[PDB]
Amino acid sequence: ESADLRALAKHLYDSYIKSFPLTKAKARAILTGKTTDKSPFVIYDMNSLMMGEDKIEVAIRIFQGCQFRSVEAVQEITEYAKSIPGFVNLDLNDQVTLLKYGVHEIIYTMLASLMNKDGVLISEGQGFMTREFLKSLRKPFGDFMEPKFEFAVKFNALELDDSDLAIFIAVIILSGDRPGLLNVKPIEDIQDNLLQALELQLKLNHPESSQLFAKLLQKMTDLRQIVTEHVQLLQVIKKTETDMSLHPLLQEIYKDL
Amino acid sequence: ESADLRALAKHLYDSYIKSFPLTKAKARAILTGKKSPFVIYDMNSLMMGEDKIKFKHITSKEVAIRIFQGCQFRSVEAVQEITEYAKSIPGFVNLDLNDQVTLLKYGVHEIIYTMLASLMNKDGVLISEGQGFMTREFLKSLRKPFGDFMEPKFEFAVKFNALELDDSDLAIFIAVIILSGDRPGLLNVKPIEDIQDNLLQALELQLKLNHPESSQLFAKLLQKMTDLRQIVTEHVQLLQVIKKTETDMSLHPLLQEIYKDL
Ligand SMILES: CC(C)(C)OC(=O)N1CCC(COc2cc(C(=O)O)ccc2-c2nn(C(=O)c3c(Cl)cccc3C(F)(F)F)c3ccc(Cl)cc23)CC1
């Protein structure tokens, strides 16, 4: 099964490149620099934010920018999930349920790729918004961005590359412990294959990184907690800013979550 | 080093037996019918069980409250049992003392829930080292917030027990939980995470030899650490609500002090 696990890993990696326009490899080339052609404009305060629009309330506009980018990410993640062998053959309600509960943990996973300790890439890498600027936004929005950075700094220390992340993201989607699943067994058979592939992938690509398989699964705990914290913060904003709306796609994902 | 992982797994199993009074093998013998426990299924059988089983905690006059405090007394007892087991984990007593205190403080709740599953099935829970059995439906039916306090434990236990782990599996799993290097306030994470790498290596090999047919059981067991963290968080939120709604939690100040941890 070893050669079929390698074939499954190449399949998923190839599909991840096709589905996500900004990879971790591209994001690290922009973040670490040296290059004169990939250099981002940096947003660190109110005035340079206003200059960024000419080149590429404030807290709200940034919030709506995050929602709009999240809708794009849900669309990209949905297109990747279809490529996972077995996913589109599942019962439809379960396809919806796996995506409903899975997209957010994946967005946080992939957002780490665009992050370092000092900020996050934006607008397909043309921009860079600093952590301290986000932390400083008013009333509840300042505390909205920061727990993402806290996760990303820890998660990025695993030094995963895209070919690892492709299998990991798939493992997250095919969780048989999601609420309301009708057919757990066919979902868990798919995940066992993906976990076998991830185990072998991490062993070949990080032969010196002892127990990286176990350490990566333990991060699914930290993802689950940041999603719950996030949802609790949305509930507060939806009750404080009554003149502010959500995309239908995001509205549906959060209903009874 | 294969032989050293097997040695570490046996060491932990031997210590797990000495530290915990009622093993999973023994509890499973009682639950399935394979000596016969007193059964609490309603209000009147509860009143007979205390007069017969001589619970170590009988002094509030209310039924739901007394069961809740009984859960608290047993958890304080279990905390001491877990603390003694942790001392036997190779490397644990050589850690900085504050970090030993920090790992136990944040780990006992996850371990109490994990080991409580061993005493549960879908129909109830064993009590008093297996002399009693309290039905799930009786616990489910307790009034106001207390009925919904007991049921999420059964829900977890039913899923967790579907993994069919035994005591030698659990001895290593419990050690892995104690050695979490991501607890808040740790001073020296490196030696904690080094020990956990050893324990994870032992747990991985144990599950392959003891469950050669259960594919990716290692992965599936680690995925349950997600479910443990989430239920501990909900549990804390339910205590705060009981402490703020229930003026009839009258305990002797000395008793409140004993129980301040849970
Ligand atoms: C009839 C009589 C004499 C009145 O007695 C009782 O009615 N009971 C006493 C005997 C029995 C106690 O059960 C456990 C036995 C053991 C054990 O053996 O290893 C271990 C755990 C419990 C137990 N803990 N726990 C908690 O809530 C809990 C938890 Cl998980 C983690 C951390 C802190 C707490 C705290 F601090 F908050 F409690 C329960 C909630 C629901 C049920 Cl069903 C079990 C637990 C059932 C109650």
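Residues numbered from 1 in each chain as written, not as in the entry; some residues may be left out. Chains lettered and ligands numbered in written order. Heavy atoms only, no water. Residues with missing side-chain atoms left out of burial classes, pairs and counts.

### Examining the site of the ligand
Residues and elements named next belong to chain B.
Moving on, step 1. Neighbouring the ligand are 24 residues; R74, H109, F149, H235 and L262 lie closest to it.
Moving on, step 2. A distance of 2.6 Å separates an oxygen atom of the ligand from a polar side-chain atom of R74.
Moving on, step 3. One of the side-chain nitrogen or oxygen atoms of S75 is found 3.3 Å away from a nitrogen atom of the ligand.
Moving on, step 4. A total of 890 Å² of accessible area belongs to the ligand in isolation, and the protein chains cover 94% of it.
Moving on, step 5. Looking at the shell around the ligand, the elements with two or more residues in it are helix 4 (63-87), helix 5 (97-118), strand 3 (124-127) and helix 7 (147-161).
Moving on, step 6. The element that contributes the greatest number of residues to the shell around the ligand is helix 4, accounting for six residues.
Moving on, step 7. Tallied by class, the residues present in the shell around the ligand amount to 16 nonpolar, six polar and two charged. (Near = heavy atom within 4 Å. Polar contact = N/O pair within 3.5 Å; in protein donor to acceptor, adjacent residues only side chain to side chain. Areas by Shrake-Rupley, 256 points an atom, 1.4 Å probe, with all protein chains shown as cover. Helix = DSSP H or I, 4+ residues; strand = E, 2+ residues; numbered from the N terminus. Nonpolar A, V, L, I, M, F, W, Y, C, P; charged D, E, K, R; others polar.)

### Examining the packing of helix 8 (residues 167-178) of chain B against helix 9 (residues 189-210) of chain B
For any two helices packed against each other, the geometry is given by the interaxial angle and the distance between the axes.
All names here are of chain B.
Moving on, step 1. Contact pair helix 8 / helix 9: the axes reach a minimum separation of 9 Å and the direction vectors enclose 160 degrees. Comparing their axes, helix 9 and helix 8 come out roughly antiparallel. Helix 8 and helix 9 meet at a crossing whose hand is left-handed. Here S168, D169, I172, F173, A175 and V176 of helix 8 come into contact with helix 9, specifically with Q196, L199, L200, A202, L203, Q206, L207 and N210. (Axes fitted to C-alpha atoms, helices over the stretch in contact; angles between N-to-C directions. Parallel < 35°, antiparallel > 145°, perpendicular 65-115°, else oblique. Left-handed = near helix turned anticlockwise from the far one by under 90°. Contact = heavy atoms within 4.5 Å.)

### Details of helix 8 (residues 162-173) of chain A
Residues and elements named next belong to chain A.
Moving on, step 1. Taking 1.5 Å of rise per residue, twelve residues should cover 16 Å, and helix 8 covers 17 Å from first to last C-alpha, within 8% of that figure.
Moving on, step 2. Burial within helix 8 is extensive, with twelve of its twelve residues counted as buried.
Moving on, step 3. Among all positions of helix 8, only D162, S163, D164, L165, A166, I167, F168, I169, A170, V171, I172 and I173 are buried. (Expected span 1.5 Å × (residues − 1). Buried < 20%, exposed > 50% of the residue type's maximum accessible area, 1.4 Å probe, protein only.)

### Looking at the nonpolar core
Moving on, step 1. Core analysis: the largest hydrophobic core is formed by 163 residues, its most contacted members being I89 and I178 of chain B.
Moving on, step 2. Once residues within four sequence positions are removed from consideration, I178 of chain B is found in contact with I82, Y85, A86, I89, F92, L103, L104 and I111 of chain B. (Core = buried A, V, L, I, M, F, W, Y, C linked by side-chain atoms within 4.5 Å.)

### Some thoughts on the UniProt feature "binding site: rosiglitazone" in chain B
All names here are of chain B.
Moving on, step 1. Sequence positions flagged by UniProt for "binding site: rosiglitazone" are, in local numbering, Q72, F73, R74, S75, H109, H235 and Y259.
Moving on, step 2. Relative to the elements of secondary structure, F73 occurs in helix 4.
Moving on, step 3. Apart from the residues within four sequence positions on either side, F73 is in contact with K56, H57 and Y259.
Moving on, step 4. Structurally, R74 can be placed in helix 4.
Moving on, step 5. Assessed through its relative accessible area of 35%, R74 is described here as partly exposed. (UniProt positions renumbered as here; feature names shortened; annotations may be inferred.)

### Observations concerning the interface of chain A and chain B
Moving on, step 1. Contact residues are listed per partner, giving 17 residues for chain A and 18 residues for chain B.
Moving on, step 2. For the chain A and chain B pair, buried surface summed over both sides reaches about 1700 Å², with 47% attributable to carbon and sulfur atoms.
Moving on, step 3. Sorting the residues of chain A by area buried against chain B places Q211, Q218 and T221 of chain A first, and these three jointly supply 31% of that buried surface.
Moving on, step 4. Of the charged contacts in the structure, one is a salt bridge between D227 of chain B and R224 of chain A, with a shortest N-O distance of 4.0 Å.
Moving on, step 5. The interface formed by chain A and chain B contains six residue pairs in polar contact.
Moving on, step 6. Of all the secondary structure elements, the ones that give two or more residues to the side of chain A that touches chain B are helix 9 (184-205) and helix 10 (212-240) of chain A.
Moving on, step 7. Grouping the amino acids of the side of chain A that touches chain B by side-chain chemistry returns five nonpolar, six polar and six charged. (Buried area = accessible area lost by both parts, 1.4 Å probe. Salt bridge = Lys/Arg side-chain N within 4 Å of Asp/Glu carboxyl O.)

### What about the UniProt feature "binding site: rosiglitazone" in chain A?
All names here are of chain A.
Moving on, step 1. UniProt's entry tags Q67, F68, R69, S70, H104, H230 and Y254 with the feature "binding site: rosiglitazone", counted in the numbering of this structure.
Moving on, step 2. Tracing the chain through its elements places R69 in helix 4 (residues 58-83).
Moving on, step 3. Given the relative accessible area of 38%, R69 is considered partly exposed.
Moving on, step 4. You can see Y254 is positioned in helix 11 (residues 248-254).
Moving on, step 5. In contact with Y254, not counting residues within four places along its chain, are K100, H104, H230, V231, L234 and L246.
Moving on, step 6. Of note is the side chain of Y254, whose polar atom sits 3.1 Å from the side chain of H104.

### Some details on the UniProt feature "short sequence motif: 9aaTAD" in chain A
Moving on, step 1. UniProt feature "short sequence motif: 9aaTAD": in the numbering of this structure it lies at residues 248-256 of chain A.
Moving on, step 2. Taken as a whole, residues 248-256 of chain A contains 78% helix and 0% strand, while its terminal C-alpha atoms sit 15 Å from one another.

### A word on the packing of aromatic side chains
Moving on, step 1. Enumeration over the complete set of coordinates arrives at 14 aromatic pairs over all chains.
Moving on, step 2. Summarising the aromatic geometry, the rings of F68 of chain B and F146 of chain B are spaced 5.6 Å apart at their centres and angled 65 degrees between planes, so their arrangement reads as edge-to-face. Residue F68 of chain B is located in helix 4, and its partner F146 of chain B is located in the loop between helix 6 (136-140) and helix 7; the two are separated by 78 residues in the primary sequence. Of the two residues, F68 of chain B and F146 of chain B, both sit in the buried class.
Moving on, step 3. By way of ring pairs, the aromatic residues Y16, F20 and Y80 of chain A are connected into one cluster. (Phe/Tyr/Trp six-rings, centres within 6.5 Å; stacked < 30°, edge-to-face > 60°.)

### As for the packing of helix 5 (residues 92-111) of chain A against helix 10 of chain A
Residues and elements named next belong to chain A.
Moving on, step 1. It is the contact of helix 5 with helix 10, at a shortest axis distance of 9 Å, that shows an interaxial angle of 110 degrees. As summarised for this structure, helix 5 and helix 10 are arranged roughly perpendicular, according to the angle between their axes. Mapping the contact onto sequence places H104, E105, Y108 and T109 in helix 5 and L223, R224, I226, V227 and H230 in helix 10.
Moving on, step 2. When grouped by side-chain class, the residues that make up the contact of helix 5 with helix 10 number four nonpolar, three polar and two charged.

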